[PDB]
Every structure is written in structure tokens, then in C-alpha cells.
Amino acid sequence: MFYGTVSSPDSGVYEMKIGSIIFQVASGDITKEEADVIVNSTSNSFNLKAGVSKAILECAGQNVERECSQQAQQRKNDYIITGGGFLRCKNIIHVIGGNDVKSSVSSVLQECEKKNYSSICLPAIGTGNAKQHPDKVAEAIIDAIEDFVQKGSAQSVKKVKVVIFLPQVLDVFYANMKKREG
């Protein structure tokens, strides 16, 4: 109904279509990416500095750290939106690594449509400090994108890329894409 064919457009990168969206996976350091939104996977206090969160907060800088703690004390948030700081993006969306991953990705997609953004880059949300299983995380991320497309909600969003720290976790995402392909 929705899935295209898996191919490799560039060395180490795998892609397929999900409706109108190009979905891609690759290994590497997410802080070197350019996109309208970069996603951080953090704690419920939005002040973790371990694994991906360490790299993101150190690169983004102290003004983004302060934005995070200020919003955290104002209300109870499931996720927060800050500036990009010194990352190559327009906004960072900080999601809670222990939360339901499908729910978190659905929120990121909706927030990106609200801003008329076209590109998103995310890590393998939940597989660091939160210790969620990589196979369940891959299934949840791709399920969120499928639901978003099925509901007719993709208008501005055109590209969603997962940049993954461990090559062994990339292998799990690749296998899930091959399971789904047309």
C-alpha cells in the first residue's frame, strides 16, 4: 500500500519510499548532519549528557542547555522544542528515550508539519540510556511514519533519516526495511 524498494544511493546509506516520504538509514555521528530538525533522545529532565545526548548538548552549546532546563521547570513536558545552537538545524526536538517511541516520532512529524519543514534527522531513539531493544525501536519508528502517511498528514515533510551510532543497530534497521519492501 505504501512501501517502495530498498536501494543504496550513497556509500553506507539505505533508502526506500514510504508514500511520498524518502526514509533513509546510515551509521555515524548525528551532530555532523544538516536538517530542518535534529532529534535528541534524553531523560525526563531534559538535562542528560550521556551517549547521543552528550554529543548533542556539547555541540549545540550552553544557550540550548539553558533553554532546556528553563522549559523543564515551567510545566510537565513529554518533549521540548529549542533552537539549534551550533548544530546545523533550525530546531532541536528533545524527546524522552524511555517513552513510547512510536508516540515520540508521531509528535516530531506533527511539529515539523506545523513549521512547514521538509527534513528530519533522528537517532535510534531509546537504545542508549533507556535500554529499549533495537528491533522494537526500528519497528516503532517505521510504524509512526506509515501511520502519518496513511492519515494523509505528510505535506511539507519529504525526508526522514535515522543516523545510528552502532553499525550493529543499523543492521537491524536494514532488515526491517527489507521485511516491509514492495
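Just count from 1 along the sequence shown to find any residue number.
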I need to verify one thing: averaged over C-alpha atoms only, is the B-factor higher for 90 to 98 or for 68 to 76? 68 to 76
Mean CA B-factor: is it higher for 8 to 16 or for 161 to 169? 8 to 16
Of the residues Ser41, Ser119, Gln150, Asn116, the one carrying the largest Cα B-factor as recorded: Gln150
From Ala60, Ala26, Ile125, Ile30, which pick has the Cα B-factor that tops the rest in the entry? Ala60
Lowest, middle or highest third of the chain for the C-alpha temperature factor of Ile56? middle
